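Here's the structure we're looking at; comments come further down.
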Amino acid sequence: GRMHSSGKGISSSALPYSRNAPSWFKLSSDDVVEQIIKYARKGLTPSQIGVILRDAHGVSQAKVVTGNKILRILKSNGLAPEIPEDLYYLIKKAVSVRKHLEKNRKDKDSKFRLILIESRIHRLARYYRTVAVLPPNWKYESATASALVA
Amino acid sequence: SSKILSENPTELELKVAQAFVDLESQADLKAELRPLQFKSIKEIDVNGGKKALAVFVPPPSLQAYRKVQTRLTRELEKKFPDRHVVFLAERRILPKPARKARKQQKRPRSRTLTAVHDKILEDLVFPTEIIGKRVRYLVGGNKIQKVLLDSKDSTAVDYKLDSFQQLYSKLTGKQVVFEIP
Amino acid sequence: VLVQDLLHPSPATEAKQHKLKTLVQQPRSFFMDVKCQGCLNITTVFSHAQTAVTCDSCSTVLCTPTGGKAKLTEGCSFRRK
Amino acid sequence: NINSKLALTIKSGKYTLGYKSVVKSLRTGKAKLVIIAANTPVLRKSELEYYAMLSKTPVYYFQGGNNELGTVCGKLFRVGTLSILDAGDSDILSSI
Amino acid sequence: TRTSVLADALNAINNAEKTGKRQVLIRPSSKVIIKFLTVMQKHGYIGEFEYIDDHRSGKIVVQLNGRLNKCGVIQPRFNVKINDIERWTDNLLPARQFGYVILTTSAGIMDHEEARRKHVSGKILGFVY
Ligand SMILES: [Mg+2]
Ligand SMILES: [Mg+2]
Ligand SMILES: [Zn+2]
């Protein structure tokens, strides 16, 4: 495990055996979608929408209630971001490290971490291009990354 | 006979719909039993002198039946004694295409035989929910499924289960065992 | 021990196992009904909540996130669903 | 944090970028907030906040120059000042 | 990463039979694994086995009877013509009178004698004796 480390951590979520909604869930499959779209317009990405839903609304999984995954619902309503969320956060972190490097040039560790982060961007961006999530001509440029995230 | 979505219903199909035109009499459950419809009623004999009643329903109408099925099963089984009532949707199974077969549109997984049989086995035990399935592969060669059910609402089916296994055997040819741990 | 019922573990030792190492992995977390002391309003809160959930009536924090289970503030009572 | 808050306004709300549009937006009273870059000249700055004083408009002093303010707004050019006419999905007006 | 679930499956059985255990839990399951065990079970080298549903690849519990000397996979799954099967049985099996090489052919997963009876060949998949 751990593409860019020696770690072998196994921490993750354990989905329940049941694929049906809990008996106590009373909200409809409708009421959740407007709740999901409402939070997406607040600027929340699908990961942070799902955490708030279970944290504050008792929605254990949006799929067992609505029937579709959360990002699939935004994409059906024209609210899917152009860059997928995980790739955006990889690029945003890489932007942040380089801005720190430009002020601290002797931070040789940060230069090393930046190479790992950007390599992770190119491998994932290459995947998003084969599946036509990104344009075939989409390429990550270090100079113009700040425009995309800032 | 307007309740039945099939041409030339059998006499048994008419009687069940005749029951269907009598339970809306109490208005607590009247505002929703009018749109409910079904296509066929396949009936088989289980051991002990009882008879199994399988109600076949168009798949889009199932979620409407589930709102009153808990009530509806207890009263229709009283009206028809020594009858075990389950509600199944007549899902369609598309055979797996052969290697040299002419290309058709991609078969969705919900139309596959494993998924449909997993579904009728779940519609069979509606009041309860499935908490686990195991499959033993005995040395003789035959295979037996085991289904473990949740104790909530167990009282609606806990006296049957044996009717379900033989009814499932009728539909699939496989052996199943229902267990409430 | 060479001969053992792997299919029927003792439920006591099955519960001490890590959550991913049971026969079928099952989360040990749950959802709660939080009664704030100030008013009476059912608010469904995840046991391991990452959000400082606030009830609709008064903008008062019901729970504060920790490393693991969220810690409910004083006067808030929970009942597991 | 406010850069992220301001970014939501650029995506969803309404704005004008630049000194000439900002002073016009202060004249019509349609400006909700005026954002000024750190390297903006004091003469232009003390005049923007005198217009805002007459217009009763809050001023936020961005800590960066006109190069960093432009890229926060998702632009590839420099923005010395901008006015938020309609904060949309954001709560920037409630966060000063 | 995990490149062959059948190799992993037989290794857990192989180590338990050598240590004398009479049962093994296998994770994850697959069609090839299940059919490999049925061939071993049909010839009596293992007992009853159980498939556990976790809404995932699955799990298996196998009962071992102590009669199994060794079962294993052959990676890669070499292409085997019918006349090449003899060379494979000579190299892999202890004698000419017992033991089986399991092949996956278009006629199904089967031992080398069943494969000779029905006159088909495919890719070698493993062995048992
Ligand atoms: Mg690992
Ligand atoms: Mg590597
Ligand atoms: Zn409250």
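Neighbour counts run over all protein chains shown; Cβ positions are idealised from the backbone, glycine included. We did not get these values from a lab; they are worked out from the coordinates using the rules stated.
Need pairs with beta-carbon distance below 7 Å; first residue closer than 18 Å to A:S60 by Cβ and within region C:48-77, second more than 15 Å from ligand 3 (Cβ to nearest atom) and basic (K, R); sequence gap 6+ or separate chains.
Cβ pairs passing all conditions: C:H48/C:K69; C:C63/C:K71.
Considering region E:12-42 alone, what residues qualify as being within 13 Å of chain C (Cβ to nearest Cβ) and out of contact with any strand residue (DSSP E or B) (no Cβ under 6 Å at 6 or more places or on another chain)?
Listed by number, the residues that qualify are E:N15, E:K18, E:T19, E:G20, E:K21, E:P28.
Considering only region C:52-80, state which residues are away from ligand 3 (no atom under 15 Å from the Cβ) and surrounded by 14 or more Cβ atoms within 10 Å (Cβ to Cβ).
Of everything in region C:52-80, those that are away from ligand 3 (no atom under 15 Å from the Cβ) and surrounded by 14 or more Cβ atoms within 10 Å (Cβ to Cβ) turn out to be C:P65, C:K69, C:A70.
Across region A:130-150, what is the total count of residues that are touching a helix residue (DSSP H, G or I) at 6+ places or on another chain (Cβ under 8 Å), assigned to a loop (DSSP other than H, G, I, E, B) and among the small types (G, A, S)?
2
Go over the candidates A:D109, A:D86, A:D55 one by one and state the one that is touching a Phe, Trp or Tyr at 6+ places or on another chain (Cβ under 8 Å) and either more than 26 Å from D:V79 (Cα to Cα) or in contact (Cβ under 8 Å) with a residue 24 or more places away in the chain (or both).
Numbers: A:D109 fails: touching a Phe, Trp or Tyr at 6+ places or on another chain (Cβ under 8 Å); A:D86 fails: touching a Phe, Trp or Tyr at 6+ places or on another chain (Cβ under 8 Å).
Going through A:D109, A:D86, A:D55 in turn, just one is touching a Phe, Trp or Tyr at 6+ places or on another chain (Cβ under 8 Å) and either more than 26 Å from D:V79 (Cα to Cα) or in contact (Cβ under 8 Å) with a residue 24 or more places away in the chain (or both): A:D55.
Select from region D:71-96 the residues that are surrounded by 17 or more Cβ atoms within 10 Å (Cβ to Cβ) and either over 27 Å from A:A40 (Cβ atoms) or touching a residue at least 40 places away in the same chain (Cβ under 8 Å) (or both) and list them in ascending order.
Applying the first criterion (surrounded by 17 or more Cβ atoms within 10 Å (Cβ to Cβ)) to region D:71-96 yields D:71-73, D:79-85, D:87, D:90, D:92.
Those that are surrounded by 17 or more Cβ atoms within 10 Å (Cβ to Cβ) and either over 27 Å from A:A40 (Cβ atoms) or touching a residue at least 40 places away in the same chain (Cβ under 8 Å) (or both): D:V72, D:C73, D:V79, D:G80, D:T81, D:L82, D:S83, D:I84, D:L85, D:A87, D:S90, D:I92.
Determine which member of the set E:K59, E:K81 is touching a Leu at 6+ places or on another chain (Cβ under 7 Å), among the basic types (K, R) and over 19 Å from E:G99 (Cα atoms).
E:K59
Among the listed residues C:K35, C:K81, which satisfies the condition of being under 16 Å from the mean Cα position of the chain (by Cα) and either away from chain A (no Cβ under 13 Å) or within 16 Å of ligand 1 (Cβ to nearest atom) (or both)? Working first, answer last.
Details: C:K81 fails: either away from chain A (no Cβ under 13 Å) or within 16 Å of ligand 1 (Cβ to nearest atom) (or both).
Result: C:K35 is the single residue among C:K35, C:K81 that is under 16 Å from the mean Cα position of the chain (by Cα) and either away from chain A (no Cβ under 13 Å) or within 16 Å of ligand 1 (Cβ to nearest atom) (or both).
Could you pull out every one of the helices (runs of 4 or more DSSP H) wholly within region D:1-70 that has 3 or more residues that are in contact with a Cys (Cβ under 8 Å, 6 or more places away or on another chain)? Can you show your working first?
Numbers: elements: D:2-12, D:19-27, D:42-55.
The helices (runs of 4 or more DSSP H) meeting that bar are D:2-12.
Go through (1) surrounded by fewer than 15 Cβ atoms within 10 Å (Cβ to Cβ); (2) of a type outside the set (D, E, K, R); (3) away from ligand 1 (no atom under 16 Å from the Cβ) for A:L15 and report which single condition fails.
Every listed condition holds for A:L15 apart from (1).
If I go through region C:5-32 residue by residue, how many of them are within 13 Å of chain A (Cβ to nearest Cβ), over 13 Å from the mean Cα position of the chain (by Cα) and among the aliphatic types (A, V, I, L, M)?
3
Restricting to region A:20-54, what's the tally of residues that are of a type in the set (D, E, K, R) and within 13 Å of chain C (Cβ to nearest Cβ)?
Taking region A:20-54 and keeping what is of a type in the set (D, E, K, R), we get A:26, A:30-31, A:34, A:38, A:41-42, A:54.
Of the ones still in play, those that are also within 13 Å of chain C (Cβ to nearest Cβ) are A:26, A:54.
Result for region A:20-54: 2.
List, please: which pairs have Cβ atoms under 8 Å, are six or more places apart or on different chains, and start with a residue in region C:21-39 that is under 14 Å from A:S18 (Cβ atoms) and end with one that is within 16 Å of ligand 1 (Cβ to nearest atom) and basic (K, R)?
Close Cβ pairs (under 8 Å, with a partner that is within 16 Å of ligand 1 (Cβ to nearest atom) and basic (K, R)) amount to C:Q25/C:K19; C:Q26/C:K19; C:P27/C:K19.
Suppose we filter region D:5-42 for residues that are within 14 Å of another protein chain (Cβ to nearest Cβ) and not aliphatic (A, V, I, L, M); how many remain?
Of the residues in that region, 5 qualify.
Listed here are the residues, each with its yes/no results for (1) of a type in the set (K, R); (2) under 27 Å from A:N20 (Cα atoms); (3) exposed (fewer than 15 other Cβ atoms within 10 Å of the Cβ); (4) in contact (Cβ under 8 Å) with a residue 60 or more places away in the chain.
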site: B:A27; (1), (2), (3), (4): no, no, yes, no
site: B:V57; (1), (2), (3), (4): no, yes, no, no
site: B:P60; (1), (2), (3), (4): no, yes, yes, no
site: B:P81; (1), (2), (3), (4): no, no, yes, no
site: B:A89; (1), (2), (3), (4): no, yes, no, no
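Got a number for residues in region E:1-42 being without any contact (Cβ under 8 Å) to a residue 12 or more places away in the chain and crowded, with 18+ Cβ neighbours inside 10 Å?
Within region E:1-42, residues that are without any contact (Cβ under 8 Å) to a residue 12 or more places away in the chain and crowded, with 18+ Cβ neighbours inside 10 Å number 1.
Just one of (1) buried (at least 17 other Cβ atoms within 10 Å of the Cβ); (2) in contact with a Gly (Cβ under 8 Å, 6 or more places away or on another chain) trips up B:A52, so point out which.
Unmet condition: (2).
Identify the single condition in (1) out of contact with any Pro (no Cβ under 8 Å at 6 or more places or on another chain); (2) within 14 Å of another protein chain (Cβ to nearest Cβ); (3) within 16 Å of ligand 1 (Cβ to nearest atom) that A:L79 does not satisfy, given that it satisfies every other one.
Single failed check for A:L79: (3).
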